[PDB]
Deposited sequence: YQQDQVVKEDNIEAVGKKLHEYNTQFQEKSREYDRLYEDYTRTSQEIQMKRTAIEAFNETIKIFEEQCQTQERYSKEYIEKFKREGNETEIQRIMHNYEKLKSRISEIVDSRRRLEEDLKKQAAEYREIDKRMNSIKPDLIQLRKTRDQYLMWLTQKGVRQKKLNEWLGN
């Protein structure tokens, strides 16, 4: 209605405690990376919003350039000043070519964010594979420790095995 020797059990307490501590360190490494990568992903997504607002301002400027230039391109054409129109339109082309650089820069960040999003999921997967081992090694350590406390082993002798 409800078994090895004490020295042999204490040996296994030392082994299982070492295996637990190693896995505890390994998880703390992966959790550090999980913490770190979460900050980096947020920064990247905040930077993409910045890219968007930058590009938004450039597109507002392109709207301003087309609306404002309608009056003066016509006026300089009447006065016979085709050279002033050439300055205006080439400047607009110089504005447009800069956007292509900023748009190209935004795409690189989006691709790094895609690669870093995979790594986040890969780390979290590696964490969730170790949790079974870590939780079980905590339980096993505790059960052997409680077994020896029942058997009546001194606290000083348990500390040697735990270390």
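Numbering the deposited sequence from 1, one finds several regions with no C-alpha coordinates, namely 1, 4-8, 170.
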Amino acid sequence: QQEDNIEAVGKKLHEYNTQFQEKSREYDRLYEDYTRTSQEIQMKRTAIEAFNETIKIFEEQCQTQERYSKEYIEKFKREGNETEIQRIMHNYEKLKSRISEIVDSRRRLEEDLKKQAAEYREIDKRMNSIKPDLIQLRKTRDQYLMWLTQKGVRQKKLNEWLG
From here on, numbers count along this sequence of modelled residues.
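Think of the rigid core as the biggest set of C-alphas that the two forms share within 1.5 Å after superposition.
Comparing 74-82 with 87-95 in 8 other deposited structures of this protein, after superposition on the rigid core, the stretch with the greater RMS C-alpha deviation is 74-82. When the two stretches 66-74 and 51-59 are set side by side, the higher mean Cα temperature factor goes to 66-74. The PDB entry gives the largest Cα B-factor of the residues 23, 154, 151, 141 to 154. When all modelled residues of the chain are sorted by CA temperature factor, residue 9 is found within the highest third. In this PDB entry, residue 112 carries a Cα temperature factor that places it within the highest third of its chain's modelled residues. Annotation for residue 29: CA B-factor lies in the middle third of the chain's modelled residues.
Sort the chain's modelled residues by C-alpha temperature factor and residue 98 lands in the lowest third, per the entry. Ranked within its chain, residue 137 lands in the lowest third, by CA B factor from the PDB record.
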